[PDB]
Amino acid sequence: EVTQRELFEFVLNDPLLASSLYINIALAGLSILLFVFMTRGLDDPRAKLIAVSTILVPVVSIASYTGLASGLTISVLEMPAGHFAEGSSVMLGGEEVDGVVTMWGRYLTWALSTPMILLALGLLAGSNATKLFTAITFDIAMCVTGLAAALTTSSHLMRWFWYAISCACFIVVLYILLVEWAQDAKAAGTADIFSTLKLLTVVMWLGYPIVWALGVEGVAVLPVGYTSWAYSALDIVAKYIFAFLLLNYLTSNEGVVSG
Amino acid sequence: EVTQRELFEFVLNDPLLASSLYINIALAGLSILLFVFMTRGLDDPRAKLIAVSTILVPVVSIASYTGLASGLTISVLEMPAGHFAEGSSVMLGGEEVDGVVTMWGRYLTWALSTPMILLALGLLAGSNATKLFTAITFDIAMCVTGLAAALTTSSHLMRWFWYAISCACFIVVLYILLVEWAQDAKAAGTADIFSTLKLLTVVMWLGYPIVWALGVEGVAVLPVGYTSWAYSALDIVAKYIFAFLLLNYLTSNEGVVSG
Amino acid sequence: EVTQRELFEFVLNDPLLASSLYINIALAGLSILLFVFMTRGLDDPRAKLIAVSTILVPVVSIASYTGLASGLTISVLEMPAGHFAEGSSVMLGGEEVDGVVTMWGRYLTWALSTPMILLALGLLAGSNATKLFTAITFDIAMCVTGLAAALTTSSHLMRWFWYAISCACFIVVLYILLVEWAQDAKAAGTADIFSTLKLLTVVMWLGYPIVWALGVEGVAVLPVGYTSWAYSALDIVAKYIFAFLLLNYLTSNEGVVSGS
Ligand SMILES: *C/C=C(C)/C=C/C=C(C)/C=C/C1=C(C)CCCC1(C)C
Ligand SMILES: *C/C=C(C)/C=C/C=C(C)/C=C/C1=C(C)CCCC1(C)C
Ligand SMILES: *C/C=C(C)/C=C/C=C(C)/C=C/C1=C(C)CCCC1(C)C
């Protein structure tokens, strides 16, 4: 009978875990303020659509980190036999319970933010509807199956099967990034900036599945505090710095992506 | 371990509460039928897009009220330390239980119905995609964070922090409603009706965050039965008569909204 | 009290229920490969929109069945007084638990795969955006209220009230398929194929509320293992062979639907 209150207090007392969360709550917030003033000059509906979806990324993030820091989107799950973290304890204060600290809150919200990054890139590269639809739907599938992976406590194999299904959807997104939109950006006349964000996106995302396999959800070698900082670190680049570069361009070349 | 049947029984047994839910199950159902009958004459696809988006509002409403009356989307939660309602008890049948009655089913479904209200209004006003995308996304972020606020029981401050994020998202919606679409409507030849609905929408929508703050979830000065009728009252205007007025216009001005 | 593992092991140790779930994880996966391979030569963006839409059906499906076999989207629920399955025991794990085995994960994912079946068909029929929006939102409403019906345990009358609402949403979808799109396909030059898939779709989809009614969720004349196999048999036709047939035509008539 673990309460939200114990999880909140649990996030505290553990400076490694606590800092990684609250730090982003503020970084996301400040990021929004900056982006709003940076795009005040835009007047082109198509140029402003690109900015709105870019700005929504940090918006989903503060909510995501707040949900986590609060204990709303965190849970104690008893891993299945054969699992490395199986047999673990946590102790939410004075009473220690069986299981591990599951921060499914991240996986859930990714289904919201990532489609937004993609919407941004896709529009920058003058993508057509079919390609946007394809990237976004498989991207969402990737996130939701990952969340199902983390919540599966009945069998060790099922958990990894989920992981596999998520990787397969990932390749579809990677494929449109590297191959499809890369070509479309040329006709749109944004291959320059597109190449930049594209290179950024792929590298950064590629790291999320890795941290997962290492952290308690997977092999369980990395501590929850480090895995959290890893993601927290990845989000900082995969989202905020990514948002700045894109917006910085949009304001300088509103005529390019106009129409 | 409160049961669903217990919350269902708790709704009945309480005249104020019972009537606020069951009356709207009937009004929304009657609204749907009336609205379908009123628009059976439309021919223009665009006019028809507006009519369906509008009819979906009471469709989501009847589902939402059934989810609450049946107890499926209600829960009894204990408020964090210092909350004005911490220490309250509810009493189900012959047993007394700690906590407050949280009708989170409303916050959740608003995420589906309010986007539809906005869809119909935006289109009626001749909005472009970028503004629709903006009103709608932040409208959803508003509803979702409001839900998070009602579901957060770990900290009193976290709750009001969720509420603040939600208010920020709300101003965005109000902005495009009061400024953006007010102008587009003139250009689309629908300023007369928009003005009536924009005024109705803004005044009514303002009432929800007030009701939330005054009820058990906030400073708890109003009983659960009172707060429920306040919302039901708002929905009757913000949803049903708002849809009647819009469809009555629509059915007499099919040509103007055609384009 | 009822753990996921107990549910995951209840499925296993019950040949019927297990096979009804694992066989479709396999069929769904084999369908994706086959469909991907079949659609390699497509080039027209609109033709490829219909293809990706169709392929997502079996993608949603493999994940769905994994969630049911893993026990992640299964629950034991107690039926309301008056329910023909009230007072039932599932005999979960070692103890005998009250209630019935509810596979709500099916209803949850339908809200994601059925809209894709509809996008493909609407597109194939050359439907405008208004009819597509109408069919899809009411389809989702139908799925969601069906899920709520199964998840409601407070009142027997409330369960059938959800069921009725959901049915009302269903007629909207059926009307768009049988009346609207049937005419639109004649203009899009896909009259025969759409009429064929329209009939396959209408016949199989009607099977669902019938199964729901006859199974544990309904009047309970069909045990859980049998209700599960009936759903799985319906999925094989309404999803996999349905997609197979649609893509078979598509890959031979890309020009007809090439449009924009
Ligand atoms: C702001 C967050 C971003 C950009 C997150 C990206 C996340 C991914 C690319 C996650 C991928 C995963 C897999 C491919 C396998 C299973 C587990 C996941 C969810 C970690
Ligand atoms: C049919 C329902 C309608 C029109 C609901 C409207 C709801 C709002 C405008 C809610 C706003 C809220 C805030 C601004 C602050 C936090 C709490 C909420 C969710 C009550
Ligand atoms: C891949 C799954 C398919 C094609 C599922 C189709 C499901 C339906 C047509 C369900 C309809 C239902 C009703 C009309 C009433 C209530 C219960 C349902 C959800 C079974």
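The figures here come from the full heavy-atom set of this structure, side chains too, leaving out hydrogens, waters and symmetry mates. In what follows, every chain begins at residue 1, and chains take the letters A, B, ... in the order their sequences are listed.
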Asks: Evaluate the side-chain proximity of B:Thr153 to A:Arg5: yes if any heavy-atom separation is below 4.5 Å, no if none is.
Replies: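 SC-SC contact between A:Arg5 and B:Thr153 ruled out.
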
Asks: Working to the nearest 0.5 Å, report the span between OG of B:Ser154 and CG of A:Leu72.
Replies: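 Spacing of OG (B:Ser154) from CG (A:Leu72) equals 8.0 Å.
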
Asks: If the contact rule is any heavy atom under 4.5 Å from chain A, which residues of residues 161-182 of chain B qualify, in numerical order?
Replies: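 The stretch touches chain A at B:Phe161, B:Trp162, B:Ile165.
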
Asks: Counting only heavy atoms closer than 4.5 Å, note whether A:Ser53 contacts chain B via side chain, backbone, both or neither.
Replies: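 Looking at A:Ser53, backbone and side chain both touch chain B.
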
Asks: Can you check whether anything in residues 118-134 of chain A gets within less than 4.5 Å of chain B, heavy-atom wise, and list it by number?
Replies: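 A:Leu119, listed by number.
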
Asks: When rounded to the nearest 0.5 angstrom, what is the spacing between CD in A:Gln4 and CD in B:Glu78?
Replies: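 If I round to the nearest 0.5 Å, the distance is 11.5 Å.
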
Asks: Does any heavy atom of chain A fall under 4.5 Å from the side chain of B:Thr152, the backbone, both, or neither of them?
Replies: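 Both backbone and side chain.
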
Asks: Given heavy-atom pairs under 4.5 angstrom as the criterion, report whether the side chain, backbone, both or neither of A:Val59 touches chain B.
Replies: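 Contact with chain B: side chain only.
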
Asks: Just how far is it from atom CG of B:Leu151 to atom OG of A:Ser70, taken to the nearest 0.5 Å?
Replies: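 Here the interatomic distance stands at 10.0 Å.
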
